[PDB]
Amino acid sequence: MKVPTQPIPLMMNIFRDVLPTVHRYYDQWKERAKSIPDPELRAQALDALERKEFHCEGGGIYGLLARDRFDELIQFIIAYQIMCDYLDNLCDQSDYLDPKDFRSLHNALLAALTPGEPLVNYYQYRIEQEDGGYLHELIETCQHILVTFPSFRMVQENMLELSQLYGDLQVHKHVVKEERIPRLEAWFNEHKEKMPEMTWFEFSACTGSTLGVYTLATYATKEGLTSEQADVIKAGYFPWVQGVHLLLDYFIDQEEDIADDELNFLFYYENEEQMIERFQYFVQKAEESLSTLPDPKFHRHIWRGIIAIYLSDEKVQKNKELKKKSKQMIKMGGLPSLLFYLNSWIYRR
C-alpha cells in the first residue's frame, strides 16, 4: 500500500514502472511534434523534447504516491512539463521579444489547470501560429485528467498560484536584456510583503520550478483532502524546495553564462560566501518544509536525488573550484561524485 521509501524498492519501481511509463507518453508527443506545420514552432518543440527528457523523468516519480491513478497522473505531469519546456524554447529563441507574446503563451499553463477554460490562439502576438493543435492538445490533456481527480478542486487555487508565478518569471526574464532586472525587481515588489525575507533573484529562483504543481496534482488524486492540507502541501515545496533546485540549476551554468553574459541569478549576490551562506539557509528551510509533508521520507529522497543528479554533472565534478564549493553548499555523503563515476562507466560501456 505505502509508497516505497527504502532505496532498493524505490529505485526498482523508478526503473521498472516510472521511466517506461514516462517515455511511453513522451514518445507519443515526439511523434505529434514532428507533424507541427510551422517549421520554426516544429523545430522548437522537437528541440525541447530532445534535450529536456529529465524534467519529465523526475516529475513522473511522483506517480509512485498515487498508484491507483498512475498512468493518468504521469500523463498530466508529462503534458504540463512538455508545455513548460516548449514555451521556454519559444520565449528564449524569439527574435521579437514581445512580453505580450510570452504572456499569452504562458497563459496556456493556466488553461491546463482550469477545466472548461476556452482555448484561444496562444500564438496571437507572434508570426508563427500553425502548430496543428499541438499546444491545445497538451492543454486539453491536463484539463481532461485533472477534473477526474477527487481533490483537484481543493488544490486548484494553489496550483494556479504557483503556475502564475512561474509564468510571470518566464515573461520578465526573456525581454530585451536592459529591461529584465527592472521588470524582475518590480515584480518581486508586488509579492515581497507576503514572502519570507529574500532578494528578487532568490524569489525568481523560488518561482521557476514545477515540483509544487506536480505534488499538488498527486495529492489531488486522493479523496477528502482539506483546504488546510492543500496549503501544507504547497508550503512543503514553495518557496524553499523550489528555490534550492533553481539555485542549483544556476550554479551549474555559471561558467557558460559568464562566457556569454547571460542572465544568471547567482551573480547578484554580494560575494560567494553570501551565496553559499544563503544556499545553506535555503537547504535548512527546505529540509524543514519537506518534513511537514505526508510521506516525508519519499519527498526527501526525491529532493535529494535531484540535487545529487545536478551536482553529479561534469560541469561541477571536473571543475576543481565548483566541486569544492558544492561540498560546502550541501553534504551528500559522496553521492554526487559516485553518480559521476557511475555515469562515466555507463557511457563507456
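Position 1 is the first residue in the sequence shown; the rest follow in order.
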Comparing 273-281 with 251-259, which stretch shows the greater average C-alpha B-factor in the deposited entry? 251-259
Mean C-alpha B-factor higher for 67-75, or for 222-230? 222-230
Top residue by Cα temperature factor, when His172, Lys192, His144, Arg153 are compared in the entry: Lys192
Give the position of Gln44 by CA B-factor within its chain, expressed as the lowest, middle or highest third. lowest
Taking the C-alpha B-factors as the PDB entry records them, is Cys56 in the lowest, middle or highest third of its chain? lowest
Could you tell me which third, lowest, middle or highest, the C-alpha B-factor of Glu140 occupies within its chain? lowest
So where's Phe15 on the chain's Cα temperature factor ranking, which third? lowest
Classify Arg180 as lowest, middle or highest third according to the C-alpha B-factor given in the PDB entry, relative to its own chain. highest
